[PDB]
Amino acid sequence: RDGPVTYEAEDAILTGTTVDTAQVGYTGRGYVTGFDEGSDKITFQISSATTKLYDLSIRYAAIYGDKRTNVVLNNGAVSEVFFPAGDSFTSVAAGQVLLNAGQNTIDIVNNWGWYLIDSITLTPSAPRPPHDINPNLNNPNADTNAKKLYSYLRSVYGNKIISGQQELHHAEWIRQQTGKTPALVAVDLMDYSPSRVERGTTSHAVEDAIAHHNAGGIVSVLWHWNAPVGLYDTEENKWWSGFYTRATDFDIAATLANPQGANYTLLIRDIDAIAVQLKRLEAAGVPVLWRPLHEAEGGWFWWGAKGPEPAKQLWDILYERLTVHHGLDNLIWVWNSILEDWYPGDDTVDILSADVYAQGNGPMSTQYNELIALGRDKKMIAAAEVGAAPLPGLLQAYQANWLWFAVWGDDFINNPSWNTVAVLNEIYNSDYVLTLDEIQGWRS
């Protein structure tokens, strides 16, 4: 079945090369030689049922001293493999290879040349161990629907990916193009920030969340926290950009070092103003995937401008004020920084997340594995913000077991350069991608 498969060099497409039997230790009929000109190669024709990730090994004889080789997957970029000795036939690890459902090619092209190739062995990459996900939320007093949401997420983890979108009107536009609706909708508490309210900002974020909760959906809430003070309010740096380090002189380290000041008083004014909106959601029975202090490690937001320690301390202020003081039990705490120095701690983080903005609709494998290492597989990993919706074929192949994905709004989801309607349909109509339809009755 799904195991090591050797492909003998003799039984392949030879371009300016020949089959030989002089050297000792080969497998099969013989081996391939005649690596003079640059155009000389071995084109192996391999096929797969689905799109999988295989490990590559080359069986070579470097009798003309140590040489270098070019490996080509489906007429793509070269990959130099070094052959160190050699007196006999031995094997080298040539990294990983992603094969697409159907016909594929693995060429061994003359680089330095003057070597003998016996065979190539493709082994399907190691299946990931079952995730050791924590069964319960950090808050012991967690309400019914938060406890339900966490269990449902825990049950689907590694099996499927929950589709998600930033803003309800964008979730409706997806239904207009794919006939499917994101299971998860993310809303921003941004226009609830007193600093912004003071300048006339209104928000329907609580209205949109409850609407989607009534449609049987999952709700994610982030907060673009506009600093209470320090607003430059310049033509270049307007008050409405007040969440940016660039737009405020607001020093969180100073503010936390002086807890009896006015700066710290206004900070709690802001947390309590937002707590009014969350309590309003709690009373409405809406479980929330609460994601405050997002992209902290980046430092482009005032809450991560003074480095990791003030950021972590603020996370714990929010956790004490919202969980203990305001007594909010509908919140599932989602951390949004990859770095260990920035990680607050396992006792205040329920689910780990990342914001990845790279074109191509890839599995964002590297970021997923970084968080696997961070939460040591005890916490679920989510793609809290993506620019490009991930393809389920690649998510599965690279075993990038993201719990959910949430494509950002304007200039991303509706931007053909990031997401085409074609790719959207492909993703939204997959048996791997859970839509609104498919998640119905999760609260039962």
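Numbers for residues come from their place in the sequence shown, where the first is 1.
Looking at mean Cα B-factors across 363-371 and 122-130, the upper value is held by 122-130. With 243-251 and 79-87 compared on mean CA B-factor from the PDB entry, the stretch scoring higher is 79-87. As recorded in the entry, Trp114 carries the highest CA temperature factor of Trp114, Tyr357, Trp303, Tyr152. The PDB entry assigns the greatest CA B-factor among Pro416, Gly34, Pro392, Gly409 to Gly34.
When all modelled residues of the chain are sorted by CA temperature factor, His213 is found within the lowest third. Ranked within its chain, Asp66 lands in the highest third, by CA B factor from the PDB record. When the modelled residues of the chain are ordered by their C-alpha B factor, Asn401 lands in the lowest third.
Ranked within its chain, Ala171 lands in the lowest third, by CA B factor from the PDB record. Placement of the Cα temperature factor of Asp341 within the chain: middle third of the modelled residues, per the deposited record.
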